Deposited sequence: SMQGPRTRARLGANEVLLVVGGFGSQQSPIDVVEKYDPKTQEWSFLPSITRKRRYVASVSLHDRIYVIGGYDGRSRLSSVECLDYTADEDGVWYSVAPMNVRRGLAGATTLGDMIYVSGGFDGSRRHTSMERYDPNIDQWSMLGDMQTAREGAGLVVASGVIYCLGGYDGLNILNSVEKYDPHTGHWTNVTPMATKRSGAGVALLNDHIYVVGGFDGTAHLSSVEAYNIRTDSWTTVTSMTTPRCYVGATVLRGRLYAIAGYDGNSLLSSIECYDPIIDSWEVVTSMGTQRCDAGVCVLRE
């Protein structure tokens, strides 16, 4: 109810990382600027936690970053950095903490995951995944974290790993039908949706959804356009695919998937053009 979409950083039309922060209101369909981040960051991830926006790692065009900055939803300020420089990492929240896994530090793709406690402003290293992954999102469903696809430095991946906080271990679940890197991922009505990405040859408009109860993937109606390094978030029971790269140009549009009609609609074409930005939801 009155949630909005937030999009930060990424790769802009001047072919460099940017600092632009925008919010989109699906109801009014209006965009607006927020205060710019301090360091320009592409390949960056964002989460929201208790009316706080976090912008995590990324890449300034020179080095991969472990630094993190925060905005109270306003002025941006620096908090404790991660232990690993990470571009194109997955990021999510679970029980008042941030989890970040995988990524690329300019030399190695990571298996590692670490966790942020806002109560003490510290990042703690957790268990490694089985496969090193850049370009893989994180998604939480019912207390458990899923890391989907990505790229290990040699192959685009269709494998999916599951982290159980009760065991502290990663295990495997049934893989996606398509190898995907740079896809957007979100939970919608207890299904994990994976939109777009890159399969090694083509930039994808295809979409798959994972039924967690039955451990099975099924094909979903494709998006209006291919989108790689695209963000995905759910608002009011609908799935949004934000900006990205269609294989030719940067995109400024957001399209919205509605299960009632089982189709994708463009809901705006007026954002800044960008890809590998970070996205999250704000409760106003």
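*Counting from 1 along the deposited sequence, what's missing?*
Deposited residues absent from the model fall in 1-12, 86-90.
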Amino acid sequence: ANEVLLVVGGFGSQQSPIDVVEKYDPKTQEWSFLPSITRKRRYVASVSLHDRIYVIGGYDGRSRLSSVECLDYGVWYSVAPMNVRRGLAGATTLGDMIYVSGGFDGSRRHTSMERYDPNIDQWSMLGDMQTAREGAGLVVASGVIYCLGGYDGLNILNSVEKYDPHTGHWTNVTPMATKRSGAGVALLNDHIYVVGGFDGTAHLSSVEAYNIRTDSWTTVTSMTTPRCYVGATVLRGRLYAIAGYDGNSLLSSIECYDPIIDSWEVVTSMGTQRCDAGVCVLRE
From here on, numbers count along this sequence of modelled residues.
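Each form is matched to the other, and the largest set of C-alpha atoms that superpose within 1.5 Å is called the rigid core.
*Out of 184-192 and 159-167, which shows the greater rigid core-aligned C-alpha deviation in 4 other deposited structures of this protein?*
Stretch with the larger root mean square C-alpha distance in 4 other deposited structures of this protein: 159-167.
*Core-aligned Cα RMS comparison in 4 other deposited structures of this protein - stretch that moves more, 14-22 or 269-277*: Farther from the shown form on average in 4 other deposited structures of this protein: 269-277.
*Selection by C-alpha B-factor (highest) of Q122, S205, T171, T178*: Among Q122, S205, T171, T178, the highest C-alpha B-factor in the entry belongs to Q122.
*Quick one: classify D262 as lowest, middle or highest third of the chain based on its Cα B-factor.*
Middle third of the chain for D262's C-alpha B-factor.
*C-alpha B factor of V140, ranked within the chain: lowest, middle or highest third?*
For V140, the deposited C-alpha B-factor lands in the middle third.
*asked:* Going by the CA temperature factor in the PDB record, which third of the chain does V281 belong to: lowest, middle or highest?
replied: For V281, the deposited C-alpha B-factor lands in the middle third.
*Sorting the chain's CA B-factors, does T268 end up in the lowest, middle or highest third?*
It falls in the bottom third of the chain.
_For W217, the third of its chain into which the C-alpha B factor falls_ = Ranked within chain, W217 CA B lands in the lowest tercile.
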